[PDB]
Amino acid sequence: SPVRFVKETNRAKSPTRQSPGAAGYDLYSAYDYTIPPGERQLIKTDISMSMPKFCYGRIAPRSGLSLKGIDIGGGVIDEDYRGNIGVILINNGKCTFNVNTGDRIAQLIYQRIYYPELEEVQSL
Amino acid sequence: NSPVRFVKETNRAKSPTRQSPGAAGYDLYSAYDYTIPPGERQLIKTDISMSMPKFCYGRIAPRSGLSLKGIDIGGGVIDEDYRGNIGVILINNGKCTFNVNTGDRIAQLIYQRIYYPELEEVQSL
Amino acid sequence: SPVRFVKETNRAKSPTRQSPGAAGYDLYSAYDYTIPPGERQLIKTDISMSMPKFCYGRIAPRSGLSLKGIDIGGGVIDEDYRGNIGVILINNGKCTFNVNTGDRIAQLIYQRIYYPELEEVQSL
Ligand SMILES: O=c1ccn([C@H]2C[C@H](O)[C@@H](COP(=O)(O)OP(=O)(O)O)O2)c(=O)[nH]1
Ligand SMILES: O=c1ccn([C@H]2C[C@H](O)[C@@H](COP(=O)(O)OP(=O)(O)O)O2)c(=O)[nH]1
Ligand SMILES: O=c1ccn([C@H]2C[C@H](O)[C@@H](COP(=O)(O)OP(=O)(O)O)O2)c(=O)[nH]1
Ligand SMILES: [Cl-]
Ligand SMILES: [Mg+2]
């Protein structure tokens with residue numbers, strides 16, 4: 001029951017998985033960007049996916065980048081999202097951060113979730 | 001399986017809603033009026049408490065639109081046994097003042113499935 | 001499956017849950033640290049684990065610390081990570097943040113995940 005994906009352009013890199021115990025799948029920039037210190041930038045992957053059921057894709061940080069002051073904004077890829085998967089990279093470092101086409105920028109993690117019906121009660 | 005029971009602590013609370021059947025989270029709304037200056041954070045009251053589902057926690061997750069504006073989320077771990085008012089730590093990492101009005105959607109609650117394994121201390125792995 | 005864990009030094013403290021309904025197992029600093037405002041620090045726990053299957057450990061924030069402007073960077077502990085677990089504390093407060101050996105600094109949540117196959121298609 002694979003996750004089907006589409007490359008919007010030929011600049012997209014098929015998300016990679018390196019080991020059996022990796023949390024997710026590597027995501028790559030499809031374009032060149034420059035992020036000044038204290039600013040953030042939406043990074044296009046040019047990948048779209050028909051996501052698994054009862055799951056969401058978490059855009060989660062890479063460890064090396066996190067140590068360089070690069071943090072992740074937003075990051076909730078809904079199961080019903082069929083659009084371009086974007087990575088919001090936040091530069092909380094002191095220097096400019098460059099993003100080149102084909103650079104690893106994040107990992108996508110398919111996180112199992114629950115969809116309960118909610119009902120209001122008088123007390124818990 | 002069974003419904004998640006919640007309580008509106010005041011008439012200002014708004015029921016957490018999922019925008020679509022393929023949406024990850026349930027909308028959380030501000031129950032009060034706030035101003036958040038740049039470089040600051042604010043505990044936003046939802047006035048909602050809930051009896052959380054088993055083997056799960058509620059993640060307070062960011063909205064995409066607010067994240068692009070510089071609004072990030074602090075904390076965010078709503079324990080299964082938490083019975084108090086759910087609060088949202090909104091961080092203003094934008095350049096300008098961020099206004100929060102009553103009824104504004106500020107975050108999304110994701111019911112994330114988890115494990116509670118027993119931990120055993122060994123000498124080698 | 002029980003999670004097997006190792007203390008690298010006697011400075012390490014066993015991760016525990018504060019209650020039967022707590023999401024996270026508390027993580028503690030095994031050393032003294034000082035984090036300036038607007039800076040981050042990788043914190044050693046001196047704890048290694050054989051992580052459970054179809055899971056990753058999320059380094060998640062403590063709530064009181066988050067109110068003080070202490071955030072978590074990185075924080076993805078892969079299922080096949082067998083090394084020292086490090087917490088990246090980001091001091092987004094206005095004053096210096098002190099970490100003393102033994103201080104509770106984060107919580108580890110064992111988050112259930114999916115490892116699906118990926119297949120490229122022309123259209124979803
Ligand atoms: O970092 C992110 C966050 C979200 N999305 C996508 C997936 C998600 O399903 C959609 C959310 O868009 P929206 O309709 O603007 O929702 P919101 O109300 O959260 O802004 O955008 C991304 O690609 N990257
Ligand atoms: O952003 C947050 C973070 C936490 N909490 C609530 C839910 C959670 O179950 C409780 C945790 O409180 P604690 O265990 O007393 O604090 P700490 O995390 O510092 O141990 O506070 C919120 O409402 N919003
Ligand atoms: O806050 C963190 C983040 C990561 N790691 C560990 C666990 C993870 O499995 C490993 C990943 O390191 P990497 O793969 O070498 O770095 P990157 O993610 O940049 O490829 O480092 C930590 O201990 N703490
Ligand atoms: Cl998460
Ligand atoms: Mg606690």
# chains A, B, ... in the order shown; residues from 1 in each chain; ligands from 1

call {"tool": "calpha_fit_and_write", "arguments": {"fixed": "chain C", "moving": "chain A", "output": "compact mmCIF listing (two decimals) with N, CA, C and O atoms, in the first residue's frame"}}
result
# COMPACT_ATOMS: atom_id res chain seq x y z
N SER A 1 7.95 -6.14 27.01
CA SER A 1 8.92 -5.73 25.94
C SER A 1 9.54 -4.36 26.24
O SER A 1 9.34 -3.41 25.48
N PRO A 2 10.31 -4.26 27.34
CA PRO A 2 10.84 -2.97 27.80
C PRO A 2 11.82 -2.30 26.83
O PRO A 2 12.41 -2.96 25.99
N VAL A 3 11.95 -0.99 26.95
CA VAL A 3 13.03 -0.27 26.30
C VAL A 3 14.25 -0.34 27.21
O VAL A 3 14.23 0.15 28.35
N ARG A 4 15.30 -0.98 26.72
CA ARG A 4 16.56 -1.06 27.43
C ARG A 4 17.31 0.26 27.27
O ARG A 4 17.29 0.86 26.19
N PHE A 5 17.94 0.73 28.34
CA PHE A 5 18.76 1.93 28.27
C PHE A 5 20.07 1.73 29.02
O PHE A 5 20.19 0.83 29.85
N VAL A 6 21.07 2.55 28.70
CA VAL A 6 22.37 2.50 29.35
C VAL A 6 22.76 3.91 29.79
O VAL A 6 22.52 4.88 29.06
N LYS A 7 23.33 4.01 30.99
CA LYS A 7 23.95 5.24 31.45
C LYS A 7 25.42 5.24 31.02
O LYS A 7 26.18 4.35 31.39
N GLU A 8 25.81 6.24 30.23
CA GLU A 8 27.19 6.37 29.75
C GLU A 8 28.14 6.73 30.89
O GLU A 8 29.27 6.21 30.95
N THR A 9 27.70 7.61 31.79
CA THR A 9 28.38 7.89 33.05
C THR A 9 27.40 7.73 34.21
O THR A 9 26.21 7.49 33.99
N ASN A 10 27.90 7.87 35.44
CA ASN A 10 27.06 7.82 36.64
C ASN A 10 26.30 9.13 36.90
O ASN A 10 25.52 9.22 37.85
N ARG A 11 26.55 10.13 36.05
CA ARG A 11 25.88 11.43 36.10
C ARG A 11 24.48 11.39 35.46
O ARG A 11 23.66 12.27 35.70
N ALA A 12 24.23 10.36 34.65
CA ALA A 12 22.93 10.19 34.02
C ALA A 12 21.85 9.87 35.05
O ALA A 12 22.09 9.17 36.03
N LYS A 13 20.66 10.42 34.81
CA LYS A 13 19.46 10.08 35.57
C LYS A 13 18.54 9.24 34.72
O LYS A 13 18.19 9.63 33.60
N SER A 14 18.16 8.07 35.24
CA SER A 14 17.13 7.25 34.62
C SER A 14 15.91 8.11 34.35
O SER A 14 15.41 8.77 35.27
N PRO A 15 15.45 8.15 33.08
CA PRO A 15 14.25 8.91 32.73
C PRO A 15 13.06 8.47 33.58
O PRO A 15 12.87 7.27 33.82
N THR A 16 12.28 9.44 34.04
CA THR A 16 11.20 9.19 34.99
C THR A 16 9.83 9.32 34.34
O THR A 16 9.66 10.02 33.35
N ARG A 17 8.85 8.61 34.90
CA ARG A 17 7.46 8.81 34.53
C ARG A 17 6.60 8.87 35.79
O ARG A 17 6.65 7.97 36.62
N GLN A 18 5.82 9.94 35.90
CA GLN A 18 5.18 10.29 37.17
C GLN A 18 3.73 9.83 37.28
O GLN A 18 3.25 9.53 38.38
N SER A 19 3.03 9.78 36.15
CA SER A 19 1.63 9.38 36.14
C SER A 19 1.27 8.53 34.92
O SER A 19 1.98 8.56 33.91
N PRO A 20 0.17 7.76 35.02
CA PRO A 20 -0.33 6.91 33.93
C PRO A 20 -0.69 7.66 32.65
O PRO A 20 -0.70 7.06 31.58
N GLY A 21 -0.98 8.95 32.77
CA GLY A 21 -1.39 9.74 31.63
C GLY A 21 -0.40 10.78 31.18
O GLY A 21 -0.75 11.64 30.37
N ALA A 22 0.83 10.72 31.69
CA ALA A 22 1.92 11.56 31.20
C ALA A 22 2.27 11.16 29.78
O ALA A 22 2.26 9.97 29.45
N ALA A 23 2.56 12.14 28.92
CA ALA A 23 2.85 11.85 27.52
C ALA A 23 4.16 11.06 27.34
O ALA A 23 4.27 10.21 26.47
N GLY A 24 5.14 11.32 28.19
CA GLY A 24 6.43 10.68 28.01
C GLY A 24 7.24 10.45 29.26
O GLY A 24 6.70 10.11 30.32
N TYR A 25 8.55 10.62 29.12
CA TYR A 25 9.51 10.35 30.18
C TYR A 25 10.42 11.56 30.37
O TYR A 25 10.96 12.09 29.40
N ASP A 26 10.58 12.00 31.62
CA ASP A 26 11.41 13.18 31.92
C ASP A 26 12.86 12.91 31.59
O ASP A 26 13.38 11.85 31.91
N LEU A 27 13.51 13.87 30.94
CA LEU A 27 14.96 13.79 30.69
C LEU A 27 15.70 14.81 31.54
O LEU A 27 15.17 15.88 31.83
N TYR A 28 16.93 14.48 31.91
CA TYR A 28 17.71 15.28 32.86
C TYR A 28 19.09 15.56 32.31
O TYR A 28 19.69 14.71 31.63
N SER A 29 19.61 16.74 32.61
CA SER A 29 20.97 17.07 32.24
C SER A 29 21.94 16.22 33.05
O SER A 29 21.73 15.99 34.24
N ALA A 30 22.98 15.73 32.39
CA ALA A 30 24.08 15.04 33.06
C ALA A 30 25.24 15.99 33.38
O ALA A 30 26.17 15.61 34.08
N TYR A 31 25.16 17.23 32.88
CA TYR A 31 26.24 18.22 33.05
C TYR A 31 25.73 19.62 33.35
O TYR A 31 24.54 19.90 33.21
N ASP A 32 26.64 20.50 33.76
CA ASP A 32 26.33 21.91 33.97
C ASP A 32 26.58 22.71 32.71
O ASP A 32 27.63 22.57 32.09
N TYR A 33 25.61 23.53 32.33
CA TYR A 33 25.74 24.40 31.16
C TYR A 33 25.26 25.80 31.49
O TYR A 33 24.52 26.00 32.46
N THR A 34 25.69 26.76 30.68
CA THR A 34 25.17 28.12 30.70
C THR A 34 24.79 28.53 29.27
O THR A 34 25.63 28.47 28.36
N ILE A 35 23.54 28.94 29.07
CA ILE A 35 23.07 29.36 27.75
C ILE A 35 22.73 30.85 27.73
O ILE A 35 21.74 31.28 28.34
N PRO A 36 23.55 31.66 27.03
CA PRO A 36 23.27 33.09 26.89
C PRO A 36 21.97 33.32 26.11
O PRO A 36 21.49 32.41 25.44
N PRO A 37 21.40 34.54 26.20
CA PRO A 37 20.17 34.81 25.45
C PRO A 37 20.45 34.79 23.95
O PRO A 37 21.50 35.27 23.51
N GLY A 38 19.53 34.21 23.19
CA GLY A 38 19.65 34.13 21.74
C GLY A 38 20.60 33.07 21.23
O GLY A 38 20.89 33.02 20.04
N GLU A 39 21.10 32.23 22.14
CA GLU A 39 21.98 31.12 21.78
C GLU A 39 21.31 29.78 22.10
O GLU A 39 20.28 29.75 22.78
N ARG A 40 21.89 28.69 21.60
CA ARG A 40 21.42 27.34 21.92
C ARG A 40 22.58 26.45 22.35
O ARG A 40 23.73 26.75 22.09
N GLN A 41 22.25 25.33 23.00
CA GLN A 41 23.26 24.43 23.54
C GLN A 41 22.78 22.97 23.54
O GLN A 41 21.68 22.68 24.01
N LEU A 42 23.60 22.08 23.00
CA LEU A 42 23.36 20.65 23.13
C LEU A 42 23.59 20.20 24.57
O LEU A 42 24.68 20.36 25.12
N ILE A 43 22.55 19.65 25.18
CA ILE A 43 22.61 19.14 26.56
C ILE A 43 22.69 17.61 26.53
O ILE A 43 21.77 16.95 26.07
N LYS A 44 23.80 17.07 27.04
CA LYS A 44 24.00 15.63 27.14
C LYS A 44 23.21 15.04 28.31
O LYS A 44 23.26 15.57 29.42
N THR A 45 22.45 13.97 28.04
CA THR A 45 21.73 13.24 29.08
C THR A 45 22.53 12.04 29.59
O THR A 45 22.25 11.51 30.68
N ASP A 46 23.51 11.61 28.79
CA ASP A 46 24.30 10.40 29.05
C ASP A 46 23.44 9.13 29.11
O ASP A 46 23.80 8.14 29.74
N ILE A 47 22.28 9.20 28.45
CA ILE A 47 21.39 8.06 28.29
C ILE A 47 21.39 7.65 26.82
O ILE A 47 21.32 8.51 25.93
N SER A 48 21.51 6.35 26.58
CA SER A 48 21.32 5.76 25.27
C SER A 48 20.26 4.67 25.40
O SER A 48 20.12 4.07 26.46
N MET A 49 19.51 4.43 24.33
CA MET A 49 18.37 3.53 24.38
C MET A 49 18.32 2.67 23.13
O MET A 49 18.64 3.14 22.03
N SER A 50 17.92 1.41 23.28
CA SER A 50 17.50 0.63 22.11
C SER A 50 16.00 0.84 21.97
O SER A 50 15.19 0.22 22.67
N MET A 51 15.67 1.75 21.06
CA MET A 51 14.33 2.30 20.87
C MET A 51 13.33 1.30 20.31
O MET A 51 13.71 0.38 19.58
N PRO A 52 12.03 1.48 20.64
CA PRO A 52 11.00 0.59 20.09
C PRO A 52 10.85 0.70 18.57
O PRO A 52 11.25 1.70 17.97
N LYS A 53 10.29 -0.35 17.97
CA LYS A 53 10.08 -0.42 16.54
C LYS A 53 8.86 0.40 16.12
O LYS A 53 7.87 0.45 16.86
N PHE A 54 8.95 1.00 14.94
CA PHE A 54 7.87 1.80 14.34
C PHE A 54 7.49 2.99 15.20
O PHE A 54 6.32 3.36 15.33
N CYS A 55 8.52 3.61 15.76
CA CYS A 55 8.40 4.70 16.70
C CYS A 55 9.60 5.61 16.50
O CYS A 55 10.59 5.20 15.89
N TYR A 56 9.50 6.84 16.97
CA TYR A 56 10.68 7.67 17.18
C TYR A 56 10.51 8.41 18.50
O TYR A 56 9.38 8.67 18.92
N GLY A 57 11.62 8.71 19.17
CA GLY A 57 11.56 9.50 20.40
C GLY A 57 11.58 10.98 20.07
O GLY A 57 12.55 11.48 19.51
N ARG A 58 10.50 11.67 20.39
CA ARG A 58 10.45 13.12 20.22
C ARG A 58 10.92 13.80 21.50
O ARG A 58 10.33 13.60 22.57
N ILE A 59 11.98 14.59 21.38
CA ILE A 59 12.39 15.48 22.46
C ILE A 59 11.42 16.65 22.42
O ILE A 59 11.49 17.49 21.53
N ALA A 60 10.51 16.69 23.40
CA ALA A 60 9.43 17.67 23.45
C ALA A 60 9.62 18.61 24.63
O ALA A 60 10.14 18.19 25.66
N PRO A 61 9.19 19.88 24.49
CA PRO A 61 9.44 20.84 25.56
C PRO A 61 8.65 20.60 26.84
O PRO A 61 7.55 20.04 26.82
N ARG A 62 9.24 21.04 27.95
CA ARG A 62 8.53 21.18 29.20
C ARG A 62 7.80 22.52 29.18
O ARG A 62 8.32 23.51 28.66
N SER A 63 6.60 22.52 29.73
CA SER A 63 5.71 23.68 29.71
C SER A 63 6.27 24.90 30.45
O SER A 63 6.26 26.02 29.93
N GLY A 64 6.75 24.66 31.67
CA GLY A 64 7.35 25.72 32.49
C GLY A 64 8.50 26.41 31.79
O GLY A 64 8.56 27.64 31.77
N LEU A 65 9.40 25.63 31.21
CA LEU A 65 10.56 26.15 30.48
C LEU A 65 10.17 26.90 29.21
O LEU A 65 10.72 27.96 28.92
N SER A 66 9.23 26.34 28.45
CA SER A 66 8.67 27.00 27.27
C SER A 66 8.14 28.40 27.59
O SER A 66 8.30 29.34 26.80
N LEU A 67 7.52 28.54 28.77
CA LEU A 67 7.01 29.83 29.24
C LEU A 67 8.12 30.81 29.61
O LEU A 67 7.91 32.02 29.58
N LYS A 68 9.29 30.27 29.96
CA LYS A 68 10.49 31.06 30.27
C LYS A 68 11.28 31.40 29.01
O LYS A 68 12.35 32.00 29.09
N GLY A 69 10.75 31.03 27.85
CA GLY A 69 11.40 31.34 26.58
C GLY A 69 12.36 30.26 26.11
O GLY A 69 13.12 30.48 25.15
N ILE A 70 12.33 29.10 26.76
CA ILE A 70 13.21 27.99 26.42
C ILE A 70 12.52 27.04 25.45
O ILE A 70 11.54 26.39 25.80
N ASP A 71 13.04 26.97 24.23
CA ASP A 71 12.43 26.17 23.18
C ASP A 71 13.34 24.99 22.84
O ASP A 71 14.48 24.92 23.33
N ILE A 72 12.84 24.05 22.04
CA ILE A 72 13.60 22.84 21.69
C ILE A 72 13.97 22.82 20.20
O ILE A 72 13.11 23.01 19.33
N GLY A 73 15.25 22.59 19.91
CA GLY A 73 15.72 22.35 18.54
C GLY A 73 15.83 20.87 18.22
O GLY A 73 15.82 20.02 19.12
N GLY A 74 15.94 20.55 16.93
CA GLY A 74 16.05 19.16 16.47
C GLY A 74 14.97 18.30 17.11
O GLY A 74 13.78 18.54 16.90
N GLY A 75 15.40 17.31 17.88
CA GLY A 75 14.46 16.54 18.69
C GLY A 75 13.96 15.21 18.16
O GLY A 75 13.15 14.56 18.83
N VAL A 76 14.41 14.81 16.97
CA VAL A 76 14.02 13.51 16.41
C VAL A 76 15.01 12.41 16.79
O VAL A 76 16.12 12.35 16.26
N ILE A 77 14.62 11.55 17.72
CA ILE A 77 15.47 10.41 18.08
C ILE A 77 15.01 9.21 17.27
O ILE A 77 13.96 8.63 17.55
N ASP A 78 15.81 8.84 16.27
CA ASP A 78 15.49 7.71 15.42
C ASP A 78 15.51 6.41 16.19
O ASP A 78 16.32 6.20 17.09
N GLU A 79 14.59 5.53 15.81
CA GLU A 79 14.52 4.16 16.30
C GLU A 79 15.88 3.44 16.31
O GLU A 79 16.17 2.66 17.22
N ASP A 80 16.71 3.71 15.31
CA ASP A 80 18.03 3.06 15.24
C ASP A 80 19.17 3.80 15.97
O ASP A 80 20.32 3.36 15.94
N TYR A 81 18.86 4.92 16.62
CA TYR A 81 19.88 5.67 17.38
C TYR A 81 20.31 4.98 18.67
O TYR A 81 19.50 4.80 19.59
N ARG A 82 21.59 4.60 18.74
CA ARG A 82 22.15 3.95 19.92
C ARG A 82 23.10 4.85 20.71
O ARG A 82 23.70 4.42 21.69
N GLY A 83 23.24 6.10 20.28
CA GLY A 83 24.14 7.05 20.92
C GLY A 83 23.56 7.83 22.09
O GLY A 83 22.43 7.59 22.52
N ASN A 84 24.35 8.76 22.61
CA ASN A 84 23.95 9.69 23.68
C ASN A 84 22.79 10.56 23.23
O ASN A 84 22.89 11.26 22.23
N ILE A 85 21.68 10.52 23.97
CA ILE A 85 20.51 11.33 23.64
C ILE A 85 20.69 12.78 24.08
O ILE A 85 20.78 13.08 25.28
N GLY A 86 20.76 13.69 23.11
CA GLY A 86 20.99 15.10 23.38
C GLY A 86 19.73 15.93 23.25
O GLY A 86 18.88 15.65 22.41
N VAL A 87 19.62 16.94 24.11
CA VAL A 87 18.51 17.89 24.08
C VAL A 87 19.10 19.24 23.65
O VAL A 87 19.99 19.78 24.33
N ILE A 88 18.63 19.76 22.51
CA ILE A 88 19.02 21.09 22.08
C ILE A 88 18.06 22.09 22.70
O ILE A 88 16.91 22.21 22.26
N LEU A 89 18.53 22.78 23.74
CA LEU A 89 17.76 23.82 24.40
C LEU A 89 18.08 25.17 23.76
O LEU A 89 19.24 25.57 23.69
N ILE A 90 17.04 25.85 23.28
CA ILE A 90 17.20 27.16 22.66
C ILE A 90 16.71 28.22 23.63
O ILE A 90 15.54 28.21 24.04
N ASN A 91 17.60 29.14 23.99
CA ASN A 91 17.24 30.22 24.88
C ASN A 91 16.73 31.44 24.11
O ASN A 91 17.50 32.31 23.70
N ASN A 92 15.41 31.48 23.91
CA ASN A 92 14.78 32.61 23.25
C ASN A 92 14.20 33.59 24.26
O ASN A 92 13.28 34.35 23.95
N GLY A 93 14.75 33.55 25.48
CA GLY A 93 14.43 34.51 26.52
C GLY A 93 15.39 35.68 26.47
O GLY A 93 16.29 35.72 25.63
N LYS A 94 15.19 36.65 27.36
CA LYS A 94 16.02 37.85 27.40
C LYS A 94 17.23 37.70 28.34
O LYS A 94 18.19 38.47 28.25
N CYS A 95 17.18 36.70 29.22
CA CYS A 95 18.26 36.49 30.18
C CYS A 95 18.97 35.14 30.00
O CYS A 95 18.45 34.22 29.36
N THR A 96 20.17 35.05 30.57
CA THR A 96 20.95 33.82 30.60
C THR A 96 20.18 32.69 31.30
O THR A 96 19.52 32.92 32.32
N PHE A 97 20.24 31.49 30.73
CA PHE A 97 19.60 30.31 31.30
C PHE A 97 20.62 29.27 31.77
O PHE A 97 21.44 28.80 30.98
N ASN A 98 20.58 28.93 33.06
CA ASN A 98 21.50 27.95 33.63
C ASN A 98 20.95 26.53 33.67
O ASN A 98 19.79 26.31 34.01
N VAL A 99 21.81 25.58 33.33
CA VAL A 99 21.48 24.16 33.40
C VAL A 99 22.43 23.46 34.37
O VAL A 99 23.63 23.43 34.16
N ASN A 100 21.86 22.93 35.46
CA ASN A 100 22.62 22.19 36.46
C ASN A 100 22.41 20.69 36.30
O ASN A 100 21.34 20.26 35.89
N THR A 101 23.44 19.91 36.61
CA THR A 101 23.36 18.45 36.59
C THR A 101 22.15 17.98 37.40
O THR A 101 21.97 18.37 38.55
N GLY A 102 21.31 17.16 36.77
CA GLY A 102 20.11 16.63 37.41
C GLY A 102 18.85 17.46 37.18
O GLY A 102 17.77 17.08 37.65
N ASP A 103 18.98 18.58 36.48
CA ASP A 103 17.83 19.40 36.11
C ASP A 103 17.00 18.71 35.03
O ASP A 103 17.55 18.16 34.08
N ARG A 104 15.67 18.79 35.18
CA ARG A 104 14.73 18.34 34.17
C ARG A 104 14.75 19.34 33.02
O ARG A 104 14.65 20.55 33.23
N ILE A 105 14.90 18.83 31.80
CA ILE A 105 15.13 19.70 30.63
C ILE A 105 14.16 19.44 29.48
O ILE A 105 14.02 20.28 28.58
N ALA A 106 13.52 18.28 29.50
CA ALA A 106 12.63 17.87 28.42
C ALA A 106 11.86 16.62 28.80
O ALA A 106 12.09 16.04 29.87
N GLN A 107 10.94 16.22 27.93
CA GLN A 107 10.27 14.93 28.03
C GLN A 107 10.49 14.18 26.72
O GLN A 107 10.49 14.77 25.64
N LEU A 108 10.72 12.88 26.83
CA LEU A 108 10.84 12.02 25.66
C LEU A 108 9.50 11.34 25.41
O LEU A 108 8.96 10.71 26.31
N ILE A 109 8.99 11.49 24.20
CA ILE A 109 7.69 10.92 23.82
C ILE A 109 7.86 9.88 22.71
O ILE A 109 8.40 10.18 21.64
N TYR A 110 7.39 8.66 22.96
CA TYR A 110 7.51 7.60 21.98
C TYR A 110 6.33 7.65 21.02
O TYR A 110 5.25 7.15 21.30
N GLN A 111 6.59 8.28 19.88
CA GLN A 111 5.55 8.63 18.94
C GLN A 111 5.44 7.57 17.86
O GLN A 111 6.42 7.25 17.20
N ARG A 112 4.23 7.02 17.71
CA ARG A 112 3.99 5.95 16.76
C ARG A 112 3.97 6.53 15.36
O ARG A 112 3.32 7.54 15.10
N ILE A 113 4.73 5.90 14.47
CA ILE A 113 4.87 6.37 13.10
C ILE A 113 4.75 5.25 12.07
O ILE A 113 4.70 4.07 12.42
N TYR A 114 4.69 5.64 10.80
CA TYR A 114 4.46 4.71 9.70
C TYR A 114 5.68 4.77 8.77
O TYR A 114 6.31 5.82 8.62
N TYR A 115 6.04 3.63 8.17
CA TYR A 115 7.16 3.57 7.22
C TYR A 115 6.72 3.10 5.83
O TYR A 115 7.09 1.99 5.43
N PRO A 116 5.95 3.92 5.09
CA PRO A 116 5.46 3.47 3.79
C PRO A 116 6.55 3.41 2.74
O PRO A 116 7.51 4.18 2.79
N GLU A 117 6.42 2.48 1.80
CA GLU A 117 7.19 2.53 0.57
C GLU A 117 6.61 3.65 -0.28
O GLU A 117 5.40 3.84 -0.34
N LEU A 118 7.48 4.43 -0.92
CA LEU A 118 7.03 5.51 -1.78
C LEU A 118 7.19 5.13 -3.23
O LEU A 118 8.22 4.59 -3.63
N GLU A 119 6.15 5.39 -4.03
CA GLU A 119 6.29 5.23 -5.48
C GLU A 119 5.80 6.46 -6.23
O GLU A 119 4.71 6.98 -5.96
N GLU A 120 6.63 6.93 -7.16
CA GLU A 120 6.29 8.07 -8.00
C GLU A 120 5.21 7.69 -9.01
O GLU A 120 5.32 6.67 -9.70
N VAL A 121 4.18 8.52 -9.08
CA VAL A 121 3.12 8.37 -10.07
C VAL A 121 3.07 9.62 -10.97
O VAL A 121 3.67 10.65 -10.63
N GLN A 122 2.40 9.50 -12.12
CA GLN A 122 2.22 10.62 -13.05
C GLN A 122 1.32 11.73 -12.50
O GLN A 122 1.57 12.91 -12.73
N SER A 123 0.26 11.33 -11.78
CA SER A 123 -0.65 12.27 -11.11
C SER A 123 -1.35 11.63 -9.91
O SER A 123 -1.40 10.41 -9.79
N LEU A 124 -1.89 12.47 -9.02
CA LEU A 124 -2.59 11.98 -7.82
C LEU A 124 -4.11 12.02 -7.97
O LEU A 124 -4.83 11.51 -7.11

call {"tool": "select_by_dssp", "arguments": {"residues": "chain B", "states": "strand (DSSP E or B)", "output": "number ranges by chain"}}
result
B: 4-8, 26-29, 34-36, 40-45, 48-51, 56-61, 71-74, 77-78, 87-92, 98-100, 105-115, 119-121

call {"tool": "residues_around", "arguments": {"residues": "residue B:60", "least_positions_apart": "5", "cutoff": "10 Å", "atoms": "only C-alpha atoms", "output": "compact mmCIF listing (two decimals) with N, CA, C and O atoms, in the first residue's frame"}}
result
# COMPACT_ATOMS: atom_id res chain seq x y z
N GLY B 25 -5.57 18.16 12.47
CA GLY B 25 -5.86 18.73 13.77
C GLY B 25 -7.22 19.38 13.95
O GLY B 25 -7.99 19.56 13.00
N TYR B 26 -7.49 19.72 15.21
CA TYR B 26 -8.73 20.36 15.65
C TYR B 26 -8.40 21.81 16.01
O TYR B 26 -7.52 22.05 16.84
N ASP B 27 -9.11 22.74 15.39
CA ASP B 27 -8.91 24.19 15.61
C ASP B 27 -9.03 24.58 17.08
O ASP B 27 -10.00 24.23 17.75
N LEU B 28 -8.02 25.29 17.57
CA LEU B 28 -8.08 25.91 18.89
C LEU B 28 -8.24 27.42 18.73
O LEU B 28 -7.56 28.04 17.91
N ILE B 73 4.94 28.06 17.84
CA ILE B 73 4.30 27.48 19.02
C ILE B 73 5.32 26.99 20.04
O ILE B 73 6.23 26.24 19.71
N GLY B 74 5.13 27.40 21.30
CA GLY B 74 5.93 26.91 22.42
C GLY B 74 5.21 25.81 23.18
O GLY B 74 3.99 25.68 23.08
N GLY B 75 5.96 25.03 23.95
CA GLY B 75 5.40 23.90 24.70
C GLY B 75 4.63 22.97 23.78
O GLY B 75 5.17 22.49 22.78
N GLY B 76 3.37 22.72 24.12
CA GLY B 76 2.44 22.08 23.21
C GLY B 76 2.06 20.66 23.56
O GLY B 76 1.32 20.01 22.81
N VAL B 77 2.55 20.17 24.70
CA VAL B 77 2.30 18.78 25.11
C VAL B 77 1.14 18.73 26.12
O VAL B 77 1.30 19.13 27.27
N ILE B 78 -0.02 18.28 25.65
CA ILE B 78 -1.21 18.11 26.49
C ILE B 78 -1.33 16.65 26.89
O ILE B 78 -1.72 15.80 26.09
N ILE B 86 -6.78 24.20 28.55
CA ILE B 86 -5.74 24.09 27.54
C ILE B 86 -5.26 25.48 27.12
O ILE B 86 -6.06 26.33 26.69
N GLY B 87 -3.96 25.71 27.28
CA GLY B 87 -3.35 26.98 26.91
C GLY B 87 -2.41 26.83 25.73
O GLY B 87 -1.83 25.77 25.53
N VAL B 88 -2.28 27.89 24.95
CA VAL B 88 -1.45 27.88 23.75
C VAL B 88 -0.38 28.95 23.91
O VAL B 88 -0.70 30.13 24.11
N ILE B 89 0.88 28.54 23.85
CA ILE B 89 1.96 29.51 23.90
C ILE B 89 2.25 29.95 22.46
O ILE B 89 2.83 29.21 21.68
N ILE B 106 -5.83 29.94 16.62
CA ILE B 106 -4.46 30.25 17.04
C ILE B 106 -3.52 29.07 16.85
O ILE B 106 -2.30 29.24 16.79
N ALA B 107 -4.10 27.88 16.76
CA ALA B 107 -3.34 26.63 16.69
C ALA B 107 -4.25 25.47 16.32
O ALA B 107 -5.46 25.63 16.13
N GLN B 108 -3.66 24.29 16.17
CA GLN B 108 -4.46 23.08 15.95
C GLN B 108 -4.04 21.97 16.90
O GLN B 108 -2.85 21.76 17.14
N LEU B 109 -5.02 21.26 17.45
CA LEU B 109 -4.74 20.13 18.32
C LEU B 109 -4.72 18.82 17.53
O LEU B 109 -5.71 18.47 16.87
N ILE B 110 -3.59 18.12 17.59
CA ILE B 110 -3.41 16.82 16.96
C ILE B 110 -3.32 15.76 18.05
O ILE B 110 -2.52 15.86 18.98
N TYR B 111 -4.18 14.76 17.93
CA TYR B 111 -4.19 13.64 18.86
C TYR B 111 -3.18 12.61 18.39
O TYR B 111 -3.49 11.75 17.57
